[PDB]
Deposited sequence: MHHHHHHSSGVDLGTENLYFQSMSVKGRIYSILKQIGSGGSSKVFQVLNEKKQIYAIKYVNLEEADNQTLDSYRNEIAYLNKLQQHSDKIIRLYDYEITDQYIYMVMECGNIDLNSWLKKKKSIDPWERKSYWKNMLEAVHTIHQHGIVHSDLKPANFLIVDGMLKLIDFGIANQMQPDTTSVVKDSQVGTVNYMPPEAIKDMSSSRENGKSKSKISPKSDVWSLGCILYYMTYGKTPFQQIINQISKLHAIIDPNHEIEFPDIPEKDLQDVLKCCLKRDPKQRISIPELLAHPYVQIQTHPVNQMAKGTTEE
């Protein structure tokens, strides 16, 4: 197996992941350099779906110049039959990494959070609110976290089917438009809660039905066991404030002692 993108030949090592009509391959160029190639089959794609793909490429392209905590898109091929996205290759996603790494280093978690804040902050300044942030959306690329998904197009799953725990209370209690940047603050807070306490705030809830009521209810107080990083505990408490108005903002989080002090 081998593939061609803009007159450049890439040899397929393995399939990293798949989605709907898409597949992500770990490839090598002629110079033996590693890349992640997302192939999209547009044969049965509707206009709404083609538009999600079109928007992902455009936002991945605009955002390039604004942050290095956003996955690098080196090249792309778009016809009416397919898409090819030549991207940088990361070592592992944060979800698969958090399952393997039992204990998280305080300095690594800190550095990882700075990375997540800068990436989500960049999407916010360009009018994107993700609304479905999970660790799988973050990738470790040379000891750095980069954002790979924008909630624009369908999510890619790894190959060798999703979570409800990172969902904001305003997104669940929506149905009866309240999707603001504050929704991403909650989801990021759940990733940092996972990186601190080894579980998401509502991982305790066995059934998915009762889990949604727990994210909604204010009487269900979230647990914050004492830690030597009192800075981190305040970040965790602020991100997980149920009312979006009281919840901390991304520009506020960047000015927090946890991010700015030793």
How would you write out the unmodelled ranges of the deposited sequence, numbered from 1?
1-20, 181-188, 205-213, 300-313
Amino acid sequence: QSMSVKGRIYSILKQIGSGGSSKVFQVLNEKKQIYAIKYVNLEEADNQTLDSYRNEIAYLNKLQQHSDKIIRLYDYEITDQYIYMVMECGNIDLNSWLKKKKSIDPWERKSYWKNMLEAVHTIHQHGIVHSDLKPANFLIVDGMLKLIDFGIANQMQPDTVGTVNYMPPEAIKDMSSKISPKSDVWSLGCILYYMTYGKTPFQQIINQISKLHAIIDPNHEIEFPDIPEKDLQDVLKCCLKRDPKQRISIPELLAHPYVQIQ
From here on, numbers count along this sequence of modelled residues.
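Take the two forms, find the largest set of C-alpha atoms that superpose within 1.5 Å, and that set is the rigid core.
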Is 30-38 or 215-223 the stretch whose C-alphas end up farther from this model in 8 other deposited structures of this protein after a rigid core fit?
30-38
Stretch departing more from the displayed form, 21-29 or 247-255, Cα RMS in 8 other deposited structures of this protein (core fit)
21-29
Cross-entry absence of residue 176, a third or more of other PDB entries
yes
At least a third of the other compared entries leaving residue 161 unmodelled, is that the case?
yes
Of 204-212 vs 26-34, the stretch with the larger average CA B-factor in the entry is 204-212
Give the stretch, out of 7-15 and 248-256, with the larger mean C-alpha temperature factor in the deposited entry.
7-15
Please work out which residue in 72, 126, 110, 100 has the highest C-alpha B-factor recorded for this crystal structure.
100
Listed options 148, 179, 190, 145: highest C-alpha B factor recorded at 179
Ranked C-alpha temperature factor of residue 217 among modelled chain residues, by third
highest
Give the position of residue 42 by CA B-factor within its chain, expressed as the lowest, middle or highest third.
middle
Going by the recorded CA B-factors, say which third of the chain residue 223 sits in, lowest, middle or highest.
highest
Splitting the chain's C-alpha B-factors into thirds, which one does residue 152 fall into?
middle
Sorting the chain's modelled residues by C-alpha B-factor, tell me whether residue 165 ends up in the lowest, middle or highest third.
highest
